[PDB]
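Chemist: Quick one: the structure is below, questions incoming.
Nothing in this text is a laboratory measurement; each read-out follows from the coordinates by a stated rule. Cβ placement follows ideal geometry from the backbone for every residue including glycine, while neighbour counts extend to all protein chains displayed.
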Amino acid sequence: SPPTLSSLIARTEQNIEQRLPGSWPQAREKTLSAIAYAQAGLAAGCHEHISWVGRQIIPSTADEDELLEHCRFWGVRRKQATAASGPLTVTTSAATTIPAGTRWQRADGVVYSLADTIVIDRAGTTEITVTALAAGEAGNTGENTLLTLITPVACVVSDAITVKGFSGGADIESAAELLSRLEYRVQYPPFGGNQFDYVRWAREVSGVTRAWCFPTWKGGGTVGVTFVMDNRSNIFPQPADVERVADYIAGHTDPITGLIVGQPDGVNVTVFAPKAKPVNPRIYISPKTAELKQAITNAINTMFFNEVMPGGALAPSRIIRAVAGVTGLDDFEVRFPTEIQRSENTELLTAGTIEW
Amino acid sequence: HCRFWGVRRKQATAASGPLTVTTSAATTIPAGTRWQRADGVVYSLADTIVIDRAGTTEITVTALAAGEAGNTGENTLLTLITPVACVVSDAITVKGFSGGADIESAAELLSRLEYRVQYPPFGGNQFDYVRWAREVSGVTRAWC
Amino acid sequence: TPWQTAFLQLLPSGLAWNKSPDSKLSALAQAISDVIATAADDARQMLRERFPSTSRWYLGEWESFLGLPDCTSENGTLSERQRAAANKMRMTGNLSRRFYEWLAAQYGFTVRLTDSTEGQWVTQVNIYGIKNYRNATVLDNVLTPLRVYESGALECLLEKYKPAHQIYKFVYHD
Amino acid sequence: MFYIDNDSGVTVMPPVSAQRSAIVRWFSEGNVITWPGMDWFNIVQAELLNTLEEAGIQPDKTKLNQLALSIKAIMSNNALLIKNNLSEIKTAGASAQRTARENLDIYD
Amino acid sequence: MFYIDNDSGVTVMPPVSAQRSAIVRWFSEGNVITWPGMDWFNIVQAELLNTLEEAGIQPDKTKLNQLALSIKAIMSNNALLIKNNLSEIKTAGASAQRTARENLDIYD
Amino acid sequence: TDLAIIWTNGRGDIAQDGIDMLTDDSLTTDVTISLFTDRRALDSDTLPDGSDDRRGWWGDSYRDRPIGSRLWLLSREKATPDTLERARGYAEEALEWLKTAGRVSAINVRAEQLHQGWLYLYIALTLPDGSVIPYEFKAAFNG
């Protein structure tokens, strides 16, 4: 919190008056006043530089390059971008050789380049595998798309339609994602056997959105893990997902040191999947419209995603807050959830269909 | 032109602010007490205030100089001119004085005259009654 | 002051100028250079703010970034807030009883993890030298009492950072 | 200087509260916990600053013996000094010397 | 004794930061509550200890009148006394008497 | 209207007056600055000291012109006409920047030896018709 320019003016004037007794530098159109103003301006510039030197001590408020340096020091590693690829099914008209390095551009502008030379000896379609040069999320396309030809070949039709689209296009993690990962790492320290350790282990595996760990689940020697994948439509684990998460917790190499880390040898983890326990509210809306249907549904879904945990009890007020968060409607009285709903650790609360 | 039309120029305005003064034994400040600045501009309090106990009190004081010069800043020290019993000649002004507007400029006066010329008549309407009720100082909400 | 000496040295050198320590040039140089002196003091204290163990301006930010405010951070003592931040920032360790004793003692307490009494997993946290009084330092507020009495800071800390499989059993000694 | 130079302070002092106890009170760590408050600190700081002002020395931060210099300055401004050898009477005027001789019983 | 003997003080006094505000600043509990800091405590105890050392009195925790004794010692060292009858100015030397009398206009 | 330089005890300094410092809006300050601040000596000059340091100002490479006068080379001289001639030349060179502009019309400087041990310089300018009345003071001693 640097001092303001007027405060700096006042401070310089007080210093001048203290050092030269009997003087009043605040007088208008005077040498001491001009000197005080100039010194105040210089001090304001200096204090602004000090403030910029600050504010980069912590990774949260740091600038871009300093944030990247902080993450690199703390050990957060980025994920590099990929490139899309797939078949082309290009049609020729005679025997010809498509030289290696030819390019097929799509309407958008993305350019896909052939890797190895191909020799054709018939007047018919031939399938070749091409990879994108963009190397980003824009690489992958739909199912039957058209690609033109940047420069003509000896006897090849310019257009080329891909029956099965390209796939494998990803983006490098952004600074916001890196900062979030570093913040999570700092907030929840690694111990090797803690509840946060089990949660982060179950979250590091690809595709998993949320996880929970119950210590001393079924006695003094065992624990419990329960994960929920929110990207997928089901949003509940499968046996294959459960066994692969158990494998990952049992053993996985650490990218930093190259050694494998995991659970202790004396504990019983037994990761399992939750069981849905839906609740069906009955909310009355004054204006009945599809926009309010969507808004209330999305608010309730988010409310659950935020403040619902397996084994926990949700008060009826939560639904009321979620439905009141909407703007257009006038009345939002709920009728079904008038009592507190609770469940066991195996049971996971979920928002069932709403009966308007 | 302004004299003919009916627009009057706005003269220079004083500057008012808080005076933090402490008394010794709870005296009554007269109606016209005066304080002085180092440069030699006079400030006056036109009111009467009785102090209950020995402590610092804030009083609204307006300058006696019409121009912008009578406009101090932060933490400016002021002293009394005529001694008052159980009052120490000290004034701090934690908040600086505000005000100090000089005479109106030619462009501002021209804009005011053009406003007077171009503004329309406002016959009694449900919207206009709201403004007329709300223009009075203190009134904050109106309904017609 | 060294800053006024620097200003006087920056001013021109000649017969017309008087740089003796009693002249008006010196008396004005002190006032001119004191502002930059305060600025340099602020820029120097940023070096102390660099760490959460000694930071005073950025305690709020160091707590928000770390998610600090929790059981192990005491009621209002700025020294204890600094200690909690400085321990949470560099707390990584194993599950052994030796490490748990070291971690508990790093906060000022004294415990020993002795063997069970009824089972195998239920280790006994024998807490010695219990003292709930924390002396008000010079950093904290002017309105704080001389002693702040806080209890149960170690209990929830150890229950939060305990191994997932194990369950502790606390016993207080004197 | 001797006052609090931190960013936390008010340029106008808060008035002291009224008297509550007619008996001298003290501090105690243990049996009621005591807190300093603004009044005690303000009183001590104001006593030191007013002693300095009476001596005429303006407060400065680098120096620490200003209280001793204040006591010595009051001593010189009010009492005679061994090193001065009764120079203040003369400095005052001629009637002062006349009255000093009168008190020492030195007639013409 | 007088200083911090609570096993919480450093042997070497930390340096005092430069002056920030020129005007006097007082304590206040209510718009940001102020804290004393190390500089205020160090300055106050340094002034008291400097007065004690100027008087030539070594600090001792048992006694609680050493400031009054210090002021009295400064008096007995640097001032004339009523019980001495000017003896201090005449045990110094003959030149002191000569200067005193020529000042008091008592010469040949 | 900058600060004025007032000479006391043979050493000039800024001075106060009422509320703030004394101000000057004439050639007096300009002349008393251009005459009595040491400028950088040339490479080939022999310094009066036994040292090897030449004076000047850190702003000489920022102000488009050397600041003052080379009168400091005559710190220790004997009573010979060579020193008088050199002092005349140095004063002319130091104050010719005014004649280069239009602030003065002519400069007439003479050097002499008054009562034994006095290096007397008489510098008379010719201000133009529009120049303001210059300041007026005398060197003073105290204590």
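Chemist: Round to the nearest 0.05 the FRET efficiency obtained for A:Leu42 and B:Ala85 when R0 = 41 Å and r is the Cβ-Cβ distance.
Modeler: Details: r = 47 Å, r/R0 = 1.16.
In this case the efficiency is close to 0.30.
Chemist: Moving to a separate point now. Under a 5 Å amide H to amide H cut-off, with H placed in plane at 1.01 Å, what residues pair with A:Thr145 once short-range neighbours are removed?
Modeler: Here the answer is A:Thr162, since their amide H atoms fall under 5 Å of that of A:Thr145.
Chemist: What is the local net charge at B:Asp128, summed over the other residues whose Cβ is closer than 11 Å to its Cβ (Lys, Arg +1; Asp, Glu -1)?
Modeler: Details: positive: B:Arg131, B:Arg134; negative: B:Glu135.
Result for the local shell: +1.
Chemist: Quick one: net charge around A:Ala299, please, counting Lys, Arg +1 and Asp, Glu -1 for every other residue with C-beta under 12 Å from its C-beta.
Modeler: Local charge sum for A:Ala299: +3.
Chemist: Out of the GluC sites (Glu not before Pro) in region A:23-93, which ones are loop residues according to DSSP with at most 10 other C-beta atoms within 10 Å? Before the final figure, lay out the partial values.
Modeler: Working: sites: A:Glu29, A:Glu48, A:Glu64, A:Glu66, A:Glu69; in loops: A:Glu29.
Those that pass, being in a loop and sparsely packed, are A:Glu29.
Chemist: Helix-derived [θ] at 222 nm for chain F: sum -39500 (n - 2.57) over DSSP H runs of at least 4, divide by residue count, nearest 500? Working shown, then result.
Modeler: Numbers: 2 runs with 29 residues, N = 143.
Calculated at 222 nm, the ellipticity per residue is -6500 deg cm²/dmol.
Chemist: OK, next. Short version: ³J(HN,Hα) in whole Hz for each residue of region A:98-103, in order, from phi by Karplus 6.51 cos²θ - 1.76 cosθ + 1.60 (θ = phi - 60°), x for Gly and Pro, what are they?
Modeler: 6, x, 5, x, 5, 10
Chemist: Strictly over 25 Å apart at the Cα level, which of A:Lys30/D:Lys63; C:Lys24/D:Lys63; C:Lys131/C:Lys160; C:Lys19/D:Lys63; A:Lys218/A:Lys277 would you flag in this model? Numbers along the way, then the final one.
Modeler: Working: A:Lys30/D:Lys63 33 Å; C:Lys24/D:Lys63 21 Å; C:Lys131/C:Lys160 21 Å; C:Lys19/D:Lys63 22 Å; A:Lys218/A:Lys277 22 Å.
Pairs exceeding the cut-off: A:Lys30/D:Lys63.
Chemist: Return the average number of partner chain Cβ atoms within 10 angstrom of each residue Cβ along peptide F:47-58. Mind showing how you got there, number by number?
Modeler: Working: counts 0, 0, 0, 0, 0, 0, 0, 0, 3, 3, 5, 5.
What the average comes to for F:47-58 is 1.
Chemist: Sticking with this structure for a sec: Could you list which residues have their amide H under 5 Å from that of B:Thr72, counting only those 5 or more apart in sequence or on another chain, with H placed in the peptide plane?
Modeler: So B:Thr72 has HN proximity to B:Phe97.
Chemist: What does DSSP give for chain A in terms of the percent of beta bridges that are antiparallel, rounded to the nearest 5? Let's see the in-between values first.
Modeler: Details: 30 of 37 bridges.
Approximately 80 percent, going by the DSSP bridge assignments.
Chemist: Let me check against my output: what whole-number percent is the relative contact order of region B:16-105, with C-alpha pairs under 8 Å and at least 6 apart?
Modeler: Details: 205 pairs, mean separation 34.3, N = 90.
With pairs under 8 Å counted, the relative contact order is 38 percent.
Chemist: What longest range of chain C stays clear of loop-exposed GluC sites (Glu not before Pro) (DSSP non-H/G/I/E/B, at most 15 other C-beta within 10 angstrom)?
Modeler: On the way: sites that count: C:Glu118, C:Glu150.
In short, C:1-117.
Chemist: Here is a follow-up. Less than 10 Å Cβ to Cβ from A:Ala62, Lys/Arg counted +1 and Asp/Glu -1: what total charge do the surrounding residues give? Show your work: numbers first, answer last.
Modeler: Working: positive: A:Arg55; negative: A:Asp63, A:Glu64, A:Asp65, A:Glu66, A:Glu69.
Around A:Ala62, the surrounding residues sum to -4.
Chemist: What is the angle, in °, between the Cα long axis of helix B:106-118 and the longest principal axis of the Cα atoms in chain B? Nearest 10 is fine, range 0 to 90.
Modeler: Relative to chain B, helix B:106-118 is tipped by roughly 40 degrees.
Chemist: Next question, about the same structure. When only Cα pairs under 8 Å and 6 or more residues apart are kept, what is the percent relative contact order across region A:144-185? Could you put the intermediate results ahead of the total?
Modeler: Values: 23 pairs, mean separation 14.6, N = 42.
Once normalised by length, the contact order is 35 percent.
Chemist: What is the helix-to-structure angle for F:81-100, meaning the angle in degrees between its Cα long axis and the longest Cα principal axis of chain F, kept from 0 to 90 and rounded to the nearest 10?
Modeler: 40 degrees
Chemist: Take every DSSP beta bridge with both residues inside chain F and express the antiparallel ones as a percent of the total, to the nearest 5.
Modeler: 90 percent
Chemist: Still on this model: Using a Gaussian network model of chain C whose springs link C-alpha atoms within less than 10 Å, name the residue from C:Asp41, C:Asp22, C:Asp140 with the highest mean-square fluctuation.
Modeler: C:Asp22
Chemist: What are the distances, in nm and sorted shortest first, from the label point of D:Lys63 to the label points of the same position in each other copy, with each label point placed 7 Å from Cα along the Cα-to-Cβ direction?
Modeler: So the label point of D:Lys63 gives 2.7 nm to the other copies.
Chemist: I'd like the antiparallel share, as a percent to the nearest 5, of DSSP beta bridges with both residues in chain C. Mind dumping the intermediate values first?
Modeler: Working: 7 of 11 bridges.
So the antiparallel bridges in chain C amount to around 65 percent.
Chemist: List, in order, the whole-Hz ³J(HN,Hα) value for each residue of region B:47-63 obtained from phi through the Karplus relation with A = 6.51, B = -1.76, C = 1.60 and θ = phi - 60°; use x for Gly and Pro.
Modeler: Taking θ as phi minus 60°, the curve returns 4, 10, 9, 9, 9, 7, 8, 5, x, 7, 10, 9, 10, 7, 10, 10, 6 Hz for region B:47-63.
Chemist: Output the relative contact order of chain A, whole-number percent, from Cα pairs under 8 angstrom with separation of 6+ residues. Kindly include the intermediate steps, with their values, before the conclusion.
Modeler: Numbers: 593 pairs, mean separation 38.5, N = 356.
Computed value for chain A: 11 percent relative contact order.
Chemist: If we hang a label 7 Å off Cα along the beta carbon direction at D:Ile74, how far is it from the matching labels on the other copies, in nm, shortest first?
Modeler: Shortest to longest, the spacings are 0.7 nm.
Chemist: Please compute the Kirkwood hydrodynamic radius of the protein assembly as shown from all pairs of different C-alpha atoms, in Å with one decimal. Present the calculation step by step, with values, prior to reporting the outcome.
Modeler: Working: mean 1/r = 0.0250 Å⁻¹.
When all Cα pairs of the protein assembly as shown are included, the Kirkwood radius is 40.0 Å.
Chemist: May I pose another question? Expressed as a whole number of Å, what is the distance separating the alpha-carbon centroids of region C:77-125 and region D:1-43?
Modeler: Value for the Cα centre distance between the two parts: 39 Å.
Chemist: Where does the longest stretch of chain A lie that holds no trypsin sites (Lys or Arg not before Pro) found in a DSSP loop with 16 or fewer other Cβ atoms within 10 Å?
Modeler: In chain A, the maximal stretch lacking such sites is A:165-217.
Chemist: Continuing with this model, one more query. Each residue of region A:244-261 in order: what ³J(HN,Hα) in whole Hz does its phi give by Karplus 6.51 cos²θ - 1.76 cosθ + 1.60, θ = phi - 60°, with x for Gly and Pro?
Modeler: Once rounded to whole Hz, the list reads 5, 5, 4, 4, 4, 5, 5, x, 7, 6, 8, x, 6, 8, x, 9, 9, 10.
Chemist: Here's something else I'd like to know. Determine, from the Cβ-Cβ distance of E:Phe2 and F:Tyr62 and an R0 of 56 Å, the FRET efficiency 1/(1 + (r/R0)^6), rounded to the nearest 0.05. Mind dumping the intermediate values first?
Modeler: Working: r = 55 Å, r/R0 = 0.98.
Efficiency computed from Cβ-Cβ geometry: 0.55.
Chemist: Give me the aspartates and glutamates in straight-line cross-link reach of E:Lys61: C-alpha distance below 18 Å, same-chain residues under 8 apart excluded.
Modeler: Partners within reach: E:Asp5, E:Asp7, E:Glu47, E:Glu53.
Chemist: If one computes the Cα centroid of region B:1-51 and of region A:219-290, what distance in Å separates the two points?
Modeler: 74 Å
Chemist: Quote the FRET efficiency, to the nearest 0.05, computed for A:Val157 versus A:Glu137 with a Förster distance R0 of 22 Å and r equal to the Cβ-Cβ distance. Write out the running numbers ahead of the final one.
Modeler: Working: r = 29 Å, r/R0 = 1.34.
The calculated FRET efficiency here is 0.15.
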